[PDB]
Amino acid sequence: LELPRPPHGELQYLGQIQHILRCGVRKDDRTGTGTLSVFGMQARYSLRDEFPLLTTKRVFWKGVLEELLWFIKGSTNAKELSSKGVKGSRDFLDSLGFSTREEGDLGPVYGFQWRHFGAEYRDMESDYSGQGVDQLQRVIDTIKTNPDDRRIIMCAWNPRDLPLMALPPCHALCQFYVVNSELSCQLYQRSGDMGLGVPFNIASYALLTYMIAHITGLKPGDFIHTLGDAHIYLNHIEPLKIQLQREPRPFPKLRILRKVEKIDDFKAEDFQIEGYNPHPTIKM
């Protein structure tokens, strides 16, 4: 000053979709584009011996993993992520100069807030080591020093908000929780695009929880996803109605293939999804 920014567990997601379709009210987003919206939702996904990669459509796991690793790096260079695209809308692009945004320099945004919160920015690929609050390392350090702590929290901001106002609110708050050698994670997002963003975000924060648990010597516990404005875009209603007709398949497993000691040391090759049997891809 996304991402970001016993019954099968996926039945929660499908029930939430069905609830929004039935009971959601018309509400416009910042661009005047229509959604059906309910305020206040929550779902709990076990991370114990399974990984909540949704099965009622094929979720883009490769991009989940690559984007998370980019965020962990604290990168503000869009070209270091050139195997897909991040965050509608890009109105925050209007705040940037001519030369700097042509290079793929995004200014102090995204993972820069996870690794270097509040540091004075200069350019991408300058040395920010020891500058700002490292929220991610702080979470890991707190897990190791005081696992009972109720303040193990990291936030992410939509880059569009940073030059808008003083003390801008975050988009997502992630709280961790440790008991009996298990690490759980609760993600609160002020808004969630249920068709496109939500399945991606479940995978992203479940992956983060696996990574943090690995390096802290803990077992993954639960992932709890909590929303403010939970919404379905109007143009997604028909595909979602079809996805609701599909029966979830057992969740896959996530294996970490190497002993990794530091969060910065994970590479995409360290991870293997096993037994993933999704229904076909849905374009939204």
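Under this definition, the rigid core comprises the largest set of C-alpha atoms superposing within 1.5 Å between the forms. Start at 1 with the first residue shown and count on from there.
Q: Output the stretch, either 211-219 or 24-32, that has more C-alpha displacement from this form in 4 other deposited structures of this protein following superposition by the rigid core.
A: Taking the RMS over all superposed structures in 4 other deposited structures of this protein, 24-32 lies farther out.
Q) Relative to the presented form, and with the rigid core used for superposition, do the C-alpha atoms of 105-113 or of 183-191 deviate more in 4 other deposited structures of this protein? A) Once the core is superposed, the stretch further away in 4 other deposited structures of this protein is 105-113.
Q | Check: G88 without coordinates in a third or more of other entries | A | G88: unmodelled in at least a third of the other compared entries.
**Q.** Test item: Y177 lacks coordinates in at least a third of other entries
**A.** No, none of the compared structures omit it.
Q: Indicate whether the chain is continuous between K87 and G88 or, if not, how many deposited residues are absent from the coordinates: none, 1 to 3, 4 to 9, or 10 or more.
A: According to the record, 4 to 9 deposited residues lack coordinates from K87 to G88.
Q. Would you class the number of unmodelled deposited residues between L1 and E2 as none, 1 to 3, 4 to 9, or 10 or more?
A. The entry has a short gap there, with 1 to 3 residues left out between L1 and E2.
Q) 161-169 versus 91-99: which one carries the higher mean Cα B factor per the record? A) So the stretch with the higher mean C-alpha B-factor is 91-99.
Q) Is the mean CA B factor in the deposited entry higher across 176-184 or across 101-109? A) The stretch with the larger average C-alpha B-factor is 101-109.
**Q.** Peak C-alpha temperature factor (PDB record), options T145, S82, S191, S204
**A.** Top of the list by C-alpha B-factor: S82.
Q: Can you work out whether the C-alpha temperature factor of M154 puts it in the lowest, middle or highest third of the chain?
A: Middle third.
**Q.** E125 CA temperature factor, ranked by third within the chain
**A.** For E125, whose C-alpha B-factor we compare with every modelled residue in the chain, the answer is the highest third.
(Q) By the recorded C-alpha temperature factor, relative to the other modelled residues in its chain, which third is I20 in? (A) Lowest third - that is where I20 ends up once the chain's C-alpha B-factors are sorted.
Q | Entry-reported Cα temperature factor of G32, expressed as the chain third it lands in | A | CA B-factor rank for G32: highest third.
Q: Taking the values exactly as deposited, rank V198 by C-alpha B-factor within its chain and report the matching third: lowest, middle or highest.
A: Lowest third - that is where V198 ends up once the chain's C-alpha B-factors are sorted.
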